[PDB]
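Read the single chain below, which is given as structure tokens and is the form deposited without this ligand.
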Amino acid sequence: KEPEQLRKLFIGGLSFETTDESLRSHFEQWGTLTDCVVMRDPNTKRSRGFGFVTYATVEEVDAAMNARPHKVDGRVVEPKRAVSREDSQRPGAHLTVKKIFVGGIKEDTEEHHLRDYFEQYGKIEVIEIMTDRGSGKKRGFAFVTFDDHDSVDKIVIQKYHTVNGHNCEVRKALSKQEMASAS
């Protein structure tokens, strides 16, 4: 049994009339669920438009993700990798992006080092090892872009990532403006 958090998916944009029932009936197509709930307001008991589904294996959730789009109760919904309550705390951790910030890479780090490790998550579109302006000095971090936003999510949820022989930190990419709003 892999971790619960890694076996659950967040389902967004659910139709107001979606119930654990319907939710379950749909996603069981890709495997055995072990949890399936529609979140709603404690008082009006009215749906909040989102819910979670959990399978018995991460392999099965991978199967479901490869199955997008997902239409439930006549409404295209949006499945995502469930982000731990704790990380949901972090600045813009729920936004949908295709680019990732990779911090703490060695000076001799080259592009192949990043491809080496990152390709296993999805089609890479761009790699950028940031250097200093006019200085040309390596800055110890980079940006990697993918075709699927899920490739990024499949990553940010893992805790460790080894690039060029050592662990490095990975976070969703935020625009210069988002950074400032965060700070």
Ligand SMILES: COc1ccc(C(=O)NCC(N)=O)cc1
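A residue's number is simply how far along the shown sequence it sits, counting from 1.
S.K.: Is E111 left out in a third or more of the other entries?
M.R.: Comparison shows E111 kept in all of the other entries.
S.K.: Does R85 have no coordinates in at least a third of the other PDB entries examined?
M.R.: Result for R85: often missing, at least a third of the compared entries.
S.K.: So which stretch wins on mean C-alpha B-factor, 142 to 150 or 124 to 132?
M.R.: According to the entry, 124 to 132 carries the higher average C-alpha B-factor.
S.K.: Quick check: 81 to 89 versus 94 to 102, which has the larger average CA B-factor in the record?
M.R.: Mean C-alpha B-factor is greater for 94 to 102.
S.K.: Looking at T54, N66, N43, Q158, which has the highest CA B-factor as recorded?
M.R.: Top of the list by C-alpha B-factor: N43.
S.K.: What third of its chain, lowest, middle or highest, does the C-alpha temperature factor of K8 fall into?
M.R.: Tercile = lowest for this residue's CA B-factor.
S.K.: Using the B-factors in the PDB entry, rank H70's C-alpha atom against the chain and give the third, lowest, middle or highest.
M.R.: It belongs to the lowest third of the chain when residues are ordered by C-alpha B-factor.
The same protein also has a form solved in complex with this ligand, omitted here; what follows describes it.
S.K.: Going by a heavy atom distance of 4.5 Å, is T32 a contact of this ligand in the entry with it bound?
M.R.: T32: no, not in contact with this ligand in the entry with it bound.
S.K.: So in the entry with it bound, does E28 come within 4.5 Å of this ligand, heavy atom to heavy atom?
M.R.: No, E28 stays farther than 4.5 Å from this ligand in the entry with it bound.
S.K.: May I ask you to list the residues of 7 to 29 that have any heavy atom within 4.5 angstroms of this ligand in the entry with it bound, in sequence order?
M.R.: Not one residue comes within 4.5 Å of the partner.
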